[PDB]
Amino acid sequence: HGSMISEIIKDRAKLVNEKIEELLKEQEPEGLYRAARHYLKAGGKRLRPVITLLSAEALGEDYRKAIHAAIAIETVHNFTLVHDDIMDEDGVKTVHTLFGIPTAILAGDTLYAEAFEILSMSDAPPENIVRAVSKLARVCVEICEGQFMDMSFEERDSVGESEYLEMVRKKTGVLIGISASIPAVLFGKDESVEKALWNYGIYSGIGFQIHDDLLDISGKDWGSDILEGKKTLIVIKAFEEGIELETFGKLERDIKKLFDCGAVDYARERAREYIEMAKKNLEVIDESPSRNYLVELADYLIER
C-alpha cells in the first residue's frame, strides 16, 4: 500500500503496551510503583519502541525478540519524562505534582534501573546485549547532557542554530537513534548497518522536533511556546536576522513576523532536509515492507 503507517504504528504500539503491562507491573512499595507507572498508564504514542520493532523487522529478524530492547528504551523515555517534569515544574498531572518530588525522583530512578534489567532479558547473544547495554547507557548520558543544554538555553539570550541542533540531537535524537539501531546491535548486524539506523533515528528525531515546534503555530493554545520564551529553530532564525518579538513573557502579531521573515519556512525546509537525510540512510537496508514503514514513518513524523 503506502498509506497504512498510522495503522502499523498502532499495531506495534499495541504490542508494546501489552508487554509493558507484562514487564512493568505495579508492585510494592505501592506508592513508588504508582508513580513509576503513572506516565506509562496514561499512554504514549510508543514511537520509539515501535521504531525498534520496525527496525528489527526490517533487519530480517523476529521482532518479538526485540521487544525487551523496545520496552527498555520506552522505559528510558518514561524515566526522562518524570525527571524532566521535575525541572520544568509546570495534562495529565505530572508525577511530582501527584506524588511529590522525592517520589518523583525515585520513580524515575526506578524506571531507569528496570530499563536495563529489561534490556538484559533480551533473546540475543550476550556479546550483543553487553553492547546494547553500553550503547543505551551512553545514550542516557547524552540525554542528560541534552536536557542540561536545553535548560541552559532558558538562561541564554543568544542561542546559535548549531548549538540548538546539537541540543536536540542529544535531547531527542540519540534515544530515537538507538531505538532504530539497537536491533542492529542485538542481532550482530555490522557497523555500516547500525550506523544507517542510528542516523535514521537521529535525523528523524531532530526533524520530528522541528516540526513539533512548528505545530505550536500551525486543547492547547496557539503560540504557547512563544509566550513561554522557548527557543525553537523558528525563534532562533527570526532572532538571527533581528526580528525580536513583542511576547516571550506569557501574540498573533508576533506569529506573522515569523512567517514574514521566512523563519517558519526555514524550519520546515530544515525538518524536511533531516527526514530526507534519514531516509537516504535507510537505502543501506534491504527493501521490504518494514523498511518502507520506517521510510513512511519519517514522513509521518513531519507530515501530521
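A residue's number is simply how far along the shown sequence it sits, counting from 1.
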* What is the count, as a class, of unmodelled deposited residues between residue 256 and residue 257: none, 1 to 3, 4 to 9, or 10 or more? -> none
* Structure fact -> Between residue 218 and residue 219, the number of deposited residues left without coordinates comes to 4 to 9
* Structure fact -> Between 195-203 and 225-233, the record assigns the higher mean Cα B factor to 225-233
* Take the C-alpha B-factors listed in the entry for 37-45 and for 237-245, compute each mean, and give the stretch with the larger one. => 237-245
* Structure fact -> From 66, 50, 59, 251, the top C-alpha temperature factor is at 251
* Could you check 84, 90, 166, 109 and tell me which one carries the biggest Cα B-factor in the deposited entry? => 90
* Asked: If you rank every modelled residue in this chain by C-alpha B factor, which third holds residue 97: lowest, middle or highest?
  -> highest
* Which third, lowest, middle or highest, does the CA B-factor of residue 147 fall in along this chain? -> middle
* Record-listed C-alpha B factor of residue 122: chain third -> lowest
* Structure fact -> For residue 214, the third of its chain by CA B-factor is the highest
* Name the third of the chain's ranked CA B-factors that contains residue 70, choosing lowest, middle or highest. => lowest
